[PDB]
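J.: quick one: experimental structure and sequence below.
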Amino acid sequence: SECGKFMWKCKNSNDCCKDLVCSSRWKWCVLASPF
């Protein structure tokens, strides 16, 4: 199976594949921060 992606819309943080986080600000998963 496949997973989410960067700059890809998501309804939750579960859609995020890896190193990604659902950001309601951009309406899609964004590259997680170091902090």
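T.: Done, it's in. Numbering: from 1, shown residues only.

J.: which residue sits closest to the residue nearest the centre of the chain, ignoring its sequence neighbours?
T.: Closest to where the C-alpha atoms of the chain average out (CA atoms, centre = their mean) is residue 29, at 2.4 Å. Spatial nearest neighbour of residue 29, chain neighbours left out: residue 20 (4.1 Å); criterion: CB to CB, 6 or more residues apart in numbering. To be clear about C-beta, it is placed using only N, CA and C from the backbone, and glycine gets the same treatment.

J.: surely that neighbour is in contact with residue 5?
T.: Yes. A contact is recorded between residue 20 and residue 5 when judged using CB atoms under 8 Å, the distance being 7.4 Å.

J.: need the overlap of contacts for those two.
T.: When contacts are counted by CB atoms under 8 Å, 6 or more residues apart in numbering, residue 20 and residue 5 are jointly contacted by residue 29.

J.: contact partners for the residue nearest to the centre of the chain?
T.: Contacts for residue 29 (CB under 8 Å, 6+ apart) come out as 4-10, 15-16, 20-23.

J.: what's the end-to-end length of stretch 14-25?
T.: Taking CA to CA, to the nearest Å, the first and last residues of stretch 14-25 lie 17 Å apart.

J.: buried sites along it?
T.: Neighbour counts using 16 or more other CB atoms under 10 Å place 15, 16, 20, 22, 23 of stretch 14-25 among the buried residues.

J.: give me the secondary structure label for the fourth one.
T.: On the three-state scheme (DSSP: H, G, I helix; E, B strand; the rest coil), residue 22 is labelled strand.

J.: run through the bridge partners of it.
T.: Listed by DSSP bridges, the beta-bridge partners for residue 22 are residue 29.

J.: just give the closest residue to residue 15, not the sequence neighbours.
T.: Leaving out its chain neighbours, residue 15 is closest to residue 4 (CB to CB, 6+ apart), at 4.2 Å.
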